[PDB]
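In: Quick one: experimental structure and sequence below.
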Amino acid sequence: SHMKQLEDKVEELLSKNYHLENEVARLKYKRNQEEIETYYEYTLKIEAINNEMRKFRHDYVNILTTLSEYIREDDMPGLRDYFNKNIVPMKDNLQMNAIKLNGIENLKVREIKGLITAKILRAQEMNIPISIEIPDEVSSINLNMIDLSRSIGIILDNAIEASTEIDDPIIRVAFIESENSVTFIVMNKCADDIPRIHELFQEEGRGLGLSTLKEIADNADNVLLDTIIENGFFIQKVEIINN
Amino acid sequence: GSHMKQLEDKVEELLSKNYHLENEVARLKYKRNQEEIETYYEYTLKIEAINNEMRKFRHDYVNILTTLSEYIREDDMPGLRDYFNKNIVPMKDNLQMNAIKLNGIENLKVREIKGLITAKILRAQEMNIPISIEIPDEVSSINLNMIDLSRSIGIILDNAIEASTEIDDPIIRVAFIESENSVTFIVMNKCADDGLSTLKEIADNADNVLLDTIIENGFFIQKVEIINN
């Protein structure tokens, strides 16, 4: 009958809404887990960076206190000598550090400016030579904040950790832009002394971070990853097309 | 009759509902997670504060290295002794109890806003614009979300700094004032001879945020009162 088809209809629409309502609830739960991962990841990142900066600052203030002995002994010659030999050159290293930081002024993507500055400060305070080159202003990059930040963080963290053993490390950073796309490049000097295997393996961490980096690259068609060794340098390139 | 009526209306209503759940699935699948983005902007504000703390520390350390250098070049052990005792021993000691003293940028206990103002102090220092901070009482909390509080303070100080570039003998004065009823942020700058829309937006979408301007004898005032809840 007619009427019976309606009854039959109301039923199958209620079933349809049931299934949809289960899908919405599942998607809300996935989005909830994602906000939680993002919160804890980034809140831990701030801690580790905060704590590292405080350490650097502690080393600096300690160095000033090595003067105390010369002052207590009223020994200006010994102080003059120690200070000119050991302390006063910091002030030049620090004036140069400040100069290199002006290299990020053309980065007009606020979302990642803090992140890049933090990595440059960390390299500088680890006494790893680092330069950043942004020949033209870059005001737009066509990749979600979270992924772009995670990509940059991994590449710069790899370049920095790989640089801590090396005798004469350098890191070079660049953002360039065609009218087609933006390309993020990090160059670092490869080591000569290769580590022992046991000094490298455990129970971010370079090779892991590179796959979760490949993850992000694969799951965007407009982001092109490249990994190059050229004249004793490791080069990580990520191109993001305005497509 | 009323059965057919109500059945037909039921199929209609369930179609709308199916329509609107279909929309909610699409939004959750395909639109950006605003909450996750806000978490990420809030993370950026903290790392900017950390960066500006370390840049301020470097600028301050360089000045200590300069001061020491001068005492040494002057062969002046007495001066150096008094300076080291009065400024470096305590910096090394770094006593919490010494906090009850500090009345300036040191009284701004909102990590992200202190970092932002440190950025603006350094920016001004580079452009030879003198800048005073008046925070007499400690300021632990402010009743505007970090993102809007940050954008608002930054625009007001950007205004002051841009305005101060044309002038000779410029100055910028910054203050945070806590009543029992509100927090009030004031910025004053010297004037020459005479963006901020995103700012007006924020004050118009906040009942507890009162944005004020004043012209007062060759110096401009910007003021924001944020009432507690």
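Out: Everything's here; your move. Numbering: from 1, shown residues only, chains lettered A, B, ... in the order given.
In: pretty sure residue A:180 is touching residue A:224, no?
Out: No. Under the contact definition of C-beta atoms under 8 Å, residue A:180 does not touch residue A:224, with a separation of 11.2 Å. The way it works is simple: take the backbone N, C-alpha and C, and place the C-beta from them, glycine included.
In: So between those two, which is more surrounded?
Out: Neighbour count, other C-beta atoms under 10 Å in any protein chain shown: between residue A:180 and residue A:224, residue A:224 has more, with 14 against 10.
In: which helices and strands does the strand or helix carrying residue A:115 pack with?
Out: Using DSSP states H and E, residue A:115 maps to helix A:110-125. With contacts defined as 3 or more C-beta pairs under 8 Å, 6 or more residues apart in numbering or on different chains; DSSP states H and E, the packing partners of helix A:110-125 are helix A:2-65, helix A:88-101, strand A:130-133, helix A:145-161, strand A:171-177, helix B:34-73.
In: between those, which gets nearest to residue A:197?
Out: Closest of the helices and strands packed on helix A:110-125 to residue A:197 is helix A:145-161, at 16.4 Å (criterion: C-beta to C-beta).
In: Now distance to residue A:188 too, for the helices and strands packed on helix A:110-125, in CSV please.
Out: Putting the helices and strands packed on helix A:110-125 into CSV (distance: least, C-beta to C-beta, whole Å) gives the following:
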stretch, distance to residue A:188
helix A:2-65, 19
helix A:88-101, 16
strand A:130-133, 9
helix A:145-161, 4
strand A:171-177, 5
helix B:34-73, 22
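In: Nearest to residue A:207, out of those?
Out: helix A:145-161 (9.1 Å).
In: Can you tell me, leaving aside adjacent residues, what's nearest to the residue most central in space within chain A?
Out: In chain A, the residue lying closest to the centroid (C-alpha atoms, centre = their mean) is residue A:153, at 1.8 Å. Leaving aside its chain neighbours, residue A:153 sits nearest to residue A:115 (6.2 Å; criterion: C-beta to C-beta, 6 or more residues apart in numbering or on different chains).
In: and if you look at residue A:170?
Out: What sits nearest to residue A:170 in space, not counting adjacent residues and going by C-beta to C-beta, 6+ apart, is residue A:129, at 4.7 Å.
In: That neighbour: what's it in contact with?
Out: Residues near residue A:129 by C-beta atoms under 8 Å, 6 or more residues apart in numbering or on different chains: A:123, A:168-171.
In: filter those residues to the buried ones?
Out: The neighbour count (16 or more other C-beta atoms under 10 Å in any protein chain shown) marks A:123, A:169-171 as buried among the contacts of residue A:129.
In: Now do the helix holding residue A:115: distance to the chain's middle.
Out: Between the centre of helix A:110-125 and the centre of its chain there are 8 Å (C-alpha atoms, centre = their mean, to the nearest Å).
In: Tell me what angle that helix forms with strand A:181-189.
Out: Here helix A:110-125 points in a direction 10 degrees away from that of strand A:181-189 (axes from the mean of the first three to the mean of the last three C-alpha atoms, to 10 degrees).
In: Contacts made by helix A:110-125 with the rest, please.
Out: A:49, A:52-53, A:56, A:97, A:100-101, A:104, A:107, A:129-130, A:132, A:141, A:145, A:148-149, A:152-153, A:156-157, A:160, A:163, A:171, A:173, B:40-41, B:44, B:47-48, B:50-51, B:54-55.
In: For that helix, buried residues please.
Out: A:111-125.
In: ok, now stretch A:81-90?
Out: Within stretch A:81-90, the residues that count as buried by 16+ other C-beta under 10 Å are A:82-83, A:87-88, A:90.
In: and it, how far apart are its ends?
Out: End-to-end distance for stretch A:81-90: 15 Å, by C-alpha to C-alpha, to the nearest Å.
In: what's the answer for stretch A:129-146, then?
Out: From its first residue to its last, stretch A:129-146 covers 28 Å (C-alpha to C-alpha).
In: Not counting residues beside it along the chain, what's closest to residue A:162?
Out: Nearest in space to residue A:162, with sequence neighbours left out and distances taken as C-beta to C-beta, 6+ apart, is residue A:188 at 5.7 Å.
In: and the one you found, what is it in contact with?
Out: A:158-159, A:162-163, A:169-172, A:233-234.
In: bridging residues for it?
Out: Beta-bridge pairing of residue A:188 under DSSP bridges involves residue A:171, residue A:234.
In: mind checking how far the residue nearest to residue A:170 is from chain B?
Out: Distance, residue A:129 to chain B, by C-beta to the nearest C-beta, to the nearest Å: 17 Å.
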